[PDB]
Structure formats: C-alpha cells, structure tokens
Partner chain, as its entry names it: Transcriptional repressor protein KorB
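Here you get one chain, nothing else, as structure tokens; it is the form solved without the partner chain.
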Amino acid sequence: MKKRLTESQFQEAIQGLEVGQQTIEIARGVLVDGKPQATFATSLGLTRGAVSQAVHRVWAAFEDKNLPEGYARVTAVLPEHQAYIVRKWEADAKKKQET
C-alpha cells in the first residue's frame, strides 16, 4: 500500500453497494481521511477484524470497478517471504501502469 481514495472515488466505490452506514464511516475515515484502523476499533467498541472487514469491503468494491485489462484482485494471508514477493510484483505492476 498505501491504500487511499478521494471522496469522488469513495462515492464510486459505494455506488450501488450493499453496505451499512457504520461500515461507510469507518471506510471513509481510513481510506479518504487516512486514519489508522485501530482508532475506529477503540472508539466504536469493535474488533480490529470487524474494522478491517469494513475497510476491505469498500476498497474491494472500488478496485473491482477499476481493474486494468489483464489484472485481478487478491486478498490472502501469506508467510512473510511470499508477502515480500507480492509487494515487489505490486511495485513492478504500478510502474508499468504509470508508464
């Protein structure tokens, strides 16, 4: 990452999305305001996983609408060395997209 969205991108993300208002507020706070997830867990009395779950739903909604040709979205838990390779792949991807 970082994983960020403008308000305009955020609206596109939730456009026609089945999602509750609390999920939206957390998602907004994390993705467009840039706040850490742990703060929303503490303030709202939610587990860190519930918060992560809310952020992911909106982020995924956006990406699924903005996948370049030949690309796909993945979320997965991986041993650290594999996570390292993914980051490299992600960075390489981004440079090509930019170009």
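Residue numbers count along the first chain shown, from 1.
Note that the form solved in complex with the partner chain isn't included here; everything after this is about it.
- Shown alone here, residue 98 lies farther than 4.5 Å from the partner chain in the bound PDB entry, counting heavy atoms only.
- Using a 4.5 Å cut-off on any heavy atom, the residues of 62-85 that reach the partner chain in the bound PDB entry are, in sequence order, 80, 81, 82, 84, 85.
- In this comparison between this form and the one not shown, the chain bends at a hinge between two rigid parts; from 45, 33, 49, 67, that hinge is at 67.
- In the bound PDB entry, the separation between the C-alpha atoms of residue 94 and residue 63 shrinks by 3 Å or more relative to the displayed form.
- In the bound PDB entry, the Cα-Cα separation between residue 62 and residue 94 shrinks by 3 Å or more relative to the displayed conformation.
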